[PDB]
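Observations on chain architecture
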There are 2 protein chains.
Amino acid sequence: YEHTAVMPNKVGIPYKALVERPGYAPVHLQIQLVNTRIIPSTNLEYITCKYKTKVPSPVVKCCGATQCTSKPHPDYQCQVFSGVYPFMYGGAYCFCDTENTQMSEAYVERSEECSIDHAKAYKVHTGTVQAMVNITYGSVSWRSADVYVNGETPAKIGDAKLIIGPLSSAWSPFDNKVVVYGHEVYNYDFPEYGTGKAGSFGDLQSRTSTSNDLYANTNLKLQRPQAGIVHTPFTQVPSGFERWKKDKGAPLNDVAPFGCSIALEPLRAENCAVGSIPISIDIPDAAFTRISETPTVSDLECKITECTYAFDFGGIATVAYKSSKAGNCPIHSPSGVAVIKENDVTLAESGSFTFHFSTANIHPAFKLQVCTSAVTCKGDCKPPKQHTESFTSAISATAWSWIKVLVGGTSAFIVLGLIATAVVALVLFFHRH
Amino acid sequence: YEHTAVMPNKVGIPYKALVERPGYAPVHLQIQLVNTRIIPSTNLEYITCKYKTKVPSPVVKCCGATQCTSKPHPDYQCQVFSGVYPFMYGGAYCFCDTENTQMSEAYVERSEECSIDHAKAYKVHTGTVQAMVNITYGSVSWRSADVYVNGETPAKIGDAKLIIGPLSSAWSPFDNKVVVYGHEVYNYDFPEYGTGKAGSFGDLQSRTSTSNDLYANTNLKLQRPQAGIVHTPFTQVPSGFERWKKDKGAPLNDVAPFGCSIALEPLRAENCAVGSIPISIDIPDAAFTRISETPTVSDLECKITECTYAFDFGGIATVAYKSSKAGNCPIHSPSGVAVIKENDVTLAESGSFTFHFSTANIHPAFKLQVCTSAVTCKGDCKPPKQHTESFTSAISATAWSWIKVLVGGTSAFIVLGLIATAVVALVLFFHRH
């Protein structure tokens, strides 16, 4: 036998159902979520880090001059200078005349620490949905298994079959472009493909983790050495990666709506509570029993002792009962005005017991069924003072309803009386002739 | 200096442009596509192949009976039978009484040939676009390079800079789900995630290439052995993979519109001709020259010898000319009514030469410019008899235009004459008083 329903999506709150199979004793099942792990479909774009400039040893000549050539290197540079007359330690200083020799080539490549800290850019698409569920029905204990979310993929837990999803909404917390660094992500929605920005966020963009091309600029510039001392001055913009490190905005894990964290490795967006789920479960037929083996329940009386609406179980009521024989059978509230803390209760001859429940209404009016038997427990008013409540404009109190019906009735009475008087006046004239 | 335009997308047809830089001699450039390789973004779902059933050696006993247990195997089976009294070669036949012993377990797993032929399911998203271009301008020879397609990514070819794309249309030949087998693909838009179909297309669905789970059924069934001979009969549905192999529909590479083939390895959808492209190129300023170094062109006269509109170059015309000095400078037709087969021509003093061109109009009216000088060559009518033609309702012939203007003028004349006569009649009466 199988059963279908719709369950609101929330990680903590359980769900209690009571399946009916005519000619058999009812069975109740209890299902509770543990996770909701949205997973997107992603691909890498490139990585970036802090750069480093290196310079090979320059070359000079005691006389004459040479010319430098351009080589295929990322932001390669070379240039020549004139009239050096250099100097060395206790040396002849490598000059006798106008020198006019200087190489001063410059060279850019990735840093040695790029292997550890490095932003990554990504493109994002919808991807899959999956969760995990802990289950218990009849007398079987807690059983847990995971399952995808779509109205097609079965999964067996113990001896039951499950078909859940798809979700009621297509909402997601990600955008088309994201960036991942260190431990968290950001909606830095505008990386750049091949165009750097002279050190704003892209100035060293390795297409892969160990590529050999860095299609971005650093605005490197050379300078003329002075005072005849062998060195290679230069100048360049400071790395923009540092600047973005200093001015990162709010990380996504502190702005996501609906209160859902963000794991890293699969880009899990866990627990993001929204909407409802269509559920459909089948239980084996070996867990039912003949309807003539259960104690018949009759002569019921439910009395409300004390209650108060709060996020915890703040309601207690008692029931008096006349049994057929001793046994145990479950209890449940099909209506949603109040939730029943208890699930199943034992019964003795001439039963009389109590339970617990939460609610959200001043005057609870919930009606419960037990052991194939109905009973209304209209309760009373409860004093005022995270968990399952309705809050469906059903808080109109006795005085509130009293006043509203009073004013409506008064308005109706006066208008109808006036309408009657109009035709009362008219019919006289209609009779005068 | 840089130049921008829009070019129609077609693999073969080249594109000739003539950049102008005031105070300099014009330069013409020639750009020609070689490819257009749409690439989608894809991820694997599972693979499938033909299955195979194996059976371990069954166990019997000369007396008594045993019971078989269920093991965690894909579509595991076991069962027991009664009263065997089996037989063997020249043996005692392993019986003295009612045997009632039979194991006959069955077992399903992948075939040994699954490693080679196996369908794969995929999910598809937009992905990137890229192409390759062969370039030539001024006097530089043919140069070729590839480049992505977006209005952001530069690529340098020789000494020029390129920025092309994005495309004029977002059309694609793929759907959300595709299947790849052997050499080609199909829009078999409905694979199945975890639910088999007892041998229709999914009956052995390994989540990966070498997974250890096969979440699909084959409707395996056992049978009772007869005549006391040691064997394990059974029955099952034939593999549905074979059936789909026999009844594959039209492969995609024979139904794709717009005439574009399908490579395999990256799922390239090459050459799919559609729409136009915004182009923007910059040439170095070292390829211009002062406007006072080119031969001045004056006293032009263009004469059309013979032409006929066909997909090849079927038009020839001659030009007489009076030069300033010998030299070479290009020729071009800014208008699109006709295309010029030639690109640049030499000039001698008192020039007079010819060229070739295609067209698509009965009365070509194209006007060409040469060497910083304009000339109209109104041509004449050409006799009737893959390449760049307009076909823009501009085929109205001389007789056609004659008749149309005749009928329009006649209708206008008669209606206006009648309108005039109306007020002519009216004004008389307006004058009678």
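Residues numbered from 1 in each chain as written, not as in the entry; some residues may be left out. Chains lettered and ligands numbered in written order. Part of a larger assembly, values for the part shown. Heavy atoms only, no water. Residues with missing side-chain atoms left out of burial classes, pairs and counts.

- Chain A goes by Togavirin in the PDB entry, where it is assigned to Eastern equine encephalitis virus.
- Listed as the entry title in the PDB record is "CryoEM structure of Eastern Equine Encephalitis (EEEV) VLP".

**Observations concerning the overall build of chain A**
- Per the secondary structure count, chain A includes two helices and 27 strands.
- In summary, chain A has a C-alpha radius of gyration of 39 Å against a globular reference of 22 Å for 433 residues, an excess of more than 25%.
- For chain A, the spread of C-alpha atoms along the principal axes amounts to about 130 × 80 × 40 Å. (Helix = DSSP H or I, 4+ residues; strand = E, 2+ residues; numbered from the N terminus. Rg over C-alpha atoms; globule rule 2.2 N^0.38 Å.)

**A few points about the relation of the copies chain A and chain B**
- At an RMSD of 0.0 Å, chain A and chain B line up after a rotation of 180° and a shift of 0.0 Å along the axis. Within this description, the copies of the chain are treated as partners about a two-fold rotation axis. No C-alpha of chain A lies nearer the rotation axis than that of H125 of chain A, which sits 4.1 Å from it.
- The fraction of interface residues of chain A whose copies in chain B are also interface residues reaches 90%, indicating that both copies meet through the same surface. (Least-squares fit on C-alpha atoms. Contact = heavy atoms within 4.5 Å.)

**Description of the environment of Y76 of chain A**
Residues and elements named next belong to chain A.
- Looking at where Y76 falls in the secondary structure, it is placed in the loop between β6 (51–54) and β7 (107–110).
- Residue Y76 is classed as buried on the basis of its relative accessible area, which comes to 16%.
- Between the C-alpha atom of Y76 and that of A310, which follows or precedes it by 234 residues, the distance is 71 Å.
- Not counting chain neighbours up to four residues away, the residues in contact with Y76 comprise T69, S70, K71, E105 and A106. (Buried < 20%, exposed > 50% of the residue type's maximum accessible area, 1.4 Å probe, protein only.)

**A short note on the sheet that holds strand β13 (residues 177–181) of chain B**
Residues and elements named next belong to chain B.
- Overall, antiparallel pairing links the five strands, which are arranged β14-β13-β8-β5-β15 in an open sheet. Here the strands that pair on one side only, and so sit at the sheet edges, are β14 (184–186) and β15 (205–206).
- One ladder, built from three bridges, connects β13 with β14; its direction is antiparallel. Looking at the pairing, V180 lines up with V185 of β14. (Pairing = 2+ DSSP bridges.)

**Regarding the side chain of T48 of chain A**
All names here are of chain A.
- Counting through the fold element by element, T48 comes out in strand β5 (residues 41–48).
- Given the relative accessible area of 1%, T48 is considered buried.
- Polar contacts involving the side chain of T48 include one to the main-chain carbonyl oxygen of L204, which spans 3.4 Å. (Polar contact = N/O pair within 3.5 Å; in protein donor to acceptor, adjacent residues only side chain to side chain.)

**Things to note about the packing of aromatic side chains**
All names here are of chain B.
- Here the structure, examined in full by the defined rule, presents 28 aromatic pairs over all chains.
- Plain terms: the ring middles of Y1 and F288 are 6.2 Å apart, the flat faces sit at 65° to each other, and that makes the pair edge-to-face. Of this pair, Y1 sits in the segment before β1 (2–8) while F288 sits in the loop between β19 (276–282) and β20 (297–307), placing them 287 residues apart in sequence.
- Taking 5.3 Å as the distance between ring centres and 35° as the angle between the ring planes, the aromatic pair formed by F357 and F366 counts as tilted. (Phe/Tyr/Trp six-rings, centres within 6.5 Å; stacked < 30°, edge-to-face > 60°.)

**Some points on the nonpolar core**
- The biggest cluster of nonpolar side chains holds 24 residues, and the ones touching the most others in it are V19, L29, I31, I164 and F288 of chain B.
- Looking at this core, the elements that each hand over two or more residues are β2 (14–19), β3 (27–33), β9 (129–137), β10 (143–148), β11 (155–157), β12 (160–164) and β19 of chain B. (Core = buried A, V, L, I, M, F, W, Y, C linked by side-chain atoms within 4.5 Å.)

**A look at the pattern of salt bridges**
Residues and elements named next belong to chain A.
- Within this structure, the stated rule accounts for ten salt bridges over all chains.
- A salt bridge links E265 to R268; its shortest N-O distance comes to 4.0 Å.
- Judged by relative accessible area, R268 falls into the partly exposed class, the value being 23%.
- Between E342 and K341 there is a salt bridge whose closest N-O contact spans 4.0 Å. (Salt bridge = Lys/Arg side-chain N within 4 Å of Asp/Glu carboxyl O.)

**A few points about the sheet that holds strand β24 (residues 344–347) of chain B**
All names here are of chain B.
- Pairing is antiparallel in the open sheet, where four strands are placed in the order β24-β22-β26-β27. Two strands in the sheet have a free side with no partner beyond their single neighbour: β24 and β27 (374–376). Strand-to-strand twist of the sheet, defined as the mean angle between neighbouring strand axes without regard to direction, takes the value 30°.
- Strand direction decides the pairing type here: strand β22 (residues 327–332) and strand β26 (residues 367–370), joined by two bridges, are antiparallel. By the bridge assignment for β26, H332 is matched with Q369. (Axes fitted to C-alpha atoms, helices over the stretch in contact; angles between N-to-C directions.)

**Some remarks on the pairing of β9 of chain B**
Residues and elements named next belong to chain B.
- The element β9 is largely enclosed, with a buried count of eight among its nine residues.
- In terms of strand pairing, β3 meets β9 through five bridges, oriented antiparallel. Its bridge partner lying in β9, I31 is registered against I135.
- Bridge analysis of strand β4 (residues 37–38) against β9 gives two bridges, and the strand direction is antiparallel. Note on β9: the bridge partner recorded for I38 is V129.
- Bridge analysis of β9 against β10 gives six bridges, and the strand direction is antiparallel. Bridge pairing in β10 places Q130 opposite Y148.
- What sits between the antiparallel neighbours β9 and β10 is a turn of five residues, in which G138 has the positive phi angle 55°.

**Considerations on the interface of chain A and chain B**
- Each partner contributes residues to the interface: chain A has ten residues there, and chain B has nine residues.
- Of the roughly 760 Å² buried where chain A meets chain B, counting both sides, 60% is carbon and sulfur surface.
- Taken as a group, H125, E152 and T195 of chain A account for 42% of the area that chain A buries against chain B, more than any other trio of residues on that side.
- Summed over the shared surface of chain A and chain B, the number is two residue pairs in polar contact.
- For the side of chain A that touches chain B, a count of residues per class yields three nonpolar, five polar and two charged. (Buried area = accessible area lost by both parts, 1.4 Å probe. Nonpolar A, V, L, I, M, F, W, Y, C, P; charged D, E, K, R; others polar.)

**Examining the UniProt feature "disulfide bond" in chain A**
- A sulfur-sulfur distance of 2.0 Å is found between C68 of chain A and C78 of chain A, whose disulfide is recorded in UniProt, and that is short enough to count the bridge as formed. Here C68 of chain A, found in the loop between β6 and β7, pairs with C78 of chain A, found in the loop between β6 and β7; they are ten residues apart in sequence, far enough to count as distant. (Disulfide = S-S within 2.5 Å. UniProt positions renumbered as here; feature names shortened; annotations may be inferred.)

**Points about the state of the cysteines**
Residue and element names in this part refer to chain A.
- Scanning the model with the defined rule gives ten disulfides over all chains in all.
- In this model, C49 is linked to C114 through a disulfide, with the two sulfur atoms separated by 2.0 Å. Here the disulfide of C49 and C114 is left-handed, its torsion about the S-S bond being about -90°. Of the two residues, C49 is situated in the loop between β5 and β6 and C114 in the loop between β7 and β8 (119–125); the sequence distance between them amounts to 65 residues.

**Let's talk about the environment of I38 of chain B**
Residue and element names in this part refer to chain B.
- Take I38: it is sitting in strand β4.
- Using a relative accessible area of 12% as the deciding quantity, one classes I38 as buried.
- Expressed as a C-alpha distance, the spacing of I38 and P173, which sit 135 residues apart in the sequence, is 9.5 Å.

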